[PDB]
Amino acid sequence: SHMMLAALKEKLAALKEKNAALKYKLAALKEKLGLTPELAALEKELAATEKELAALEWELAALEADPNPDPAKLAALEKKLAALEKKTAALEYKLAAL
């Protein structure tokens, strides 16, 4: 679970960095293409992913401070981060196609 926790922290950190980077790419698309509803949908999704990542970070913090972390909480965190990785990959593609 130590290895598990350490790995989830690195995954979370990489998702935060990728998601922040996509905010600058989206803003550049907004300057280039104007205020389309398509870009509005991508901004909303980027914001939601950042919100979810912030919430998960609080749960990771609690588990790190726990002297015997619940394996179920760890597994649930692992699943949620896996979902956000896919969602962030799909957004990376969509911004690259615009």
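Note that residue numbering begins at 1 and tracks the sequence as displayed.
Chemist: Pull the Cα B-factor of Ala65 out of the PDB entry and bin it into the chain's lowest, middle or highest third.
Modeler: For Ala65, whose C-alpha B-factor we compare with every modelled residue in the chain, the answer is the highest third.
Chemist: Tell me, lowest, middle or highest third: where does the Cα B factor of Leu56 rank within its chain?
Modeler: Middle third, going by the recorded CA B-factors of the chain.
Chemist: Sorting the chain's modelled residues by C-alpha B-factor, tell me whether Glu17 ends up in the lowest, middle or highest third.
Modeler: Middle third by C-alpha B-factor.
Chemist: Please place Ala40 in the lowest, middle or highest third of its chain according to the CA B-factor in the PDB entry.
Modeler: It falls in the middle third of the chain.
Chemist: Lowest, middle or highest third: which one holds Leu74 when the chain's residues are ordered by CA B-factor from the entry?
Modeler: For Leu74, whose C-alpha B-factor we compare with every modelled residue in the chain, the answer is the highest third.
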